[PDB]
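As structure tokens, one chain now follows by itself in the form deposited in one PDB entry.
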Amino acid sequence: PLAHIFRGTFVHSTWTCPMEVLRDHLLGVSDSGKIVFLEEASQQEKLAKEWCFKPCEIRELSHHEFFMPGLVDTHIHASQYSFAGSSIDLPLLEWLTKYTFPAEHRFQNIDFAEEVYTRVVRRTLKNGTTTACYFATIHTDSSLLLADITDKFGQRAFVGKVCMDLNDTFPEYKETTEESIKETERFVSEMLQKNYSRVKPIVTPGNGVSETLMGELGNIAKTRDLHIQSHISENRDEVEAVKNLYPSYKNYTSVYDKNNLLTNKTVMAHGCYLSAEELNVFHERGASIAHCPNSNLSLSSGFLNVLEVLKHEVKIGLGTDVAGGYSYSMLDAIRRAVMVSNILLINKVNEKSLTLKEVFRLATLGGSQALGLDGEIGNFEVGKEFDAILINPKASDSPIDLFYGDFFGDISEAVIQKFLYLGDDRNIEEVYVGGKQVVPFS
């Protein structure tokens, strides 16, 4: 017995088609949350037989509505949500000392953690982020709370307790090398002990990690076969800082790679100043990049050249990087990635820029690949889990104005782009993770 059968239009990406619009198709969802069939509505009779459903069980979408896959945020600091949107007109250092560290440090209080984490999980779900790869804080128990919160709301997630044994600017926010190693093993073990269906722990070296701790986190990830998340070559100062602290290493990428932290389950945020040779290394190891356009521009870090990454066959997703990037919305990330690629065209760095459709793919299929999840989610193939968002361009109080020509013909050039460019949570009517409807909230 299928949990759902939907009739209408479906918009997703494949590896040979940035955006595929499937009009008047039927889509079935098994009791276990999987995509069971997807075919033109003409095949209704044959399917009603093959799958033993009656026509009255079909939910007919409005011709104005369309489904698309859940958005995949490959990099976001859940613990930075409370001041996201505040002044960034401040040297990075002061930003860290005034906002970031005091905020994250406050997560020793379980009630502050509960407040913020509940809020950021709700907020990102209602904006269509079905999968989120979160940075939390150095606090094991609070980070465990985040995981518990994402599972309660039904969001797919990686949750990473942060690790740092270096912090000159805010000495109170950090661990001893030994405390960090121990608390990471505890965090991972207590996560796993929970038997969560769609939340997993991830090894998360923070900004300020000694070489001994680096090697030890490497070891943890290796012996437990864990995902890894970190920041890499975000800005010129951070690049110089790592050359000084690790002078024996040829580059930032080598610091991670030689310490067991650059693996085929590794995602690395930013990458603005990676070299071509470093991208080759990423390819070989099967490590991914999380493109964080808003943050890179908002904090004047630099420009990730997404075309070069693509040329090098490096896995790549989009991220939000709350709060470095001020917006919690992957729609904003799509818009900003498009613009960053435009910037490199104007500057004659590249010969072309990325299409909205290409960035739509990165925000969904691309992100899921970067997280090693493209076998389960990312587009509407058969067997994958139903992670999807129902878009109504014409919803109550829509920020979109629609005119004759928006709803017929090549809609992939009209209403669909009007949503990506101008839509917001008002257009996101329903959200599904693993076939279960998670928005509207219960």
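C-alpha atoms forming the largest set that superposes within 1.5 Å between two forms make up the rigid core. The first residue of the sequence shown is number 1, and the count goes up from there.
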Note to self: Please compare 236-244 with 189-197 and say which has the higher mean C-alpha temperature factor in the record.
What the structure shows: 236-244
Checklist line | Of 246-254 and 368-376, the one with larger mean CA B-factor | finding: 246-254
Checklist line | Member of 324, 293, 128, 171 with the greatest C-alpha B factor (per the PDB record) | finding: 171
Notebook entry, point to check: Looking at 360, 158, 95, 81, which has the highest CA B-factor as recorded?
Noted result: 95
Check: Taking the C-alpha B-factors as the PDB entry records them, is residue 151 in the lowest, middle or highest third of its chain?
Finding: middle
Notebook entry, point to check: Should residue 319 be placed in the lowest, middle or highest third of its chain by the C-alpha B factor in the entry?
Noted result: lowest
Note to self: How does the C-alpha B factor of residue 226 compare with the rest of the chain: lowest, middle or highest third?
What the structure shows: middle
Next item on the list: For residue 276, return the chain-relative third of its C-alpha B-factor as stated in the PDB record: lowest, middle or highest.
Entry: highest
Notebook entry, point to check: Within this chain, which third does the Cα B-factor at residue 392 fall in: lowest, middle or highest?
Noted result: lowest
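As for the form deposited in another entry, it is not shown, yet the points below apply to it.
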Checklist line | C-alpha displacement of 2 Å or more between the shown form and the other one on the rigid core, among 401, 410, 397, 31 | finding: 410
Note to self: Would residue 179 count as moving between the shown form and the other one, using a Cα shift of 2 angstroms or more after superposing the core as the test?
What the structure shows: no
Margin query: With a threshold of 2 Å on the C-alpha, tell me if residue 284 counts as moved between the shown form and the other one once the core is superposed.
Written below: no
Notebook entry, point to check: Once the two forms are fit on the core, has residue 95 moved its CA by at least 2 Å between the shown form and the other one?
Noted result: yes
Item checked: Sense of the change in Cα distance from residue 67 to residue 408 in the other form - at least 3 Å versus the shown form -> farther
Next item on the list: Tell me whether residue 274 and residue 92 end up closer or farther apart in the other form, going by their C-alpha atoms; the shift is 3 Å or more.
Entry: closer
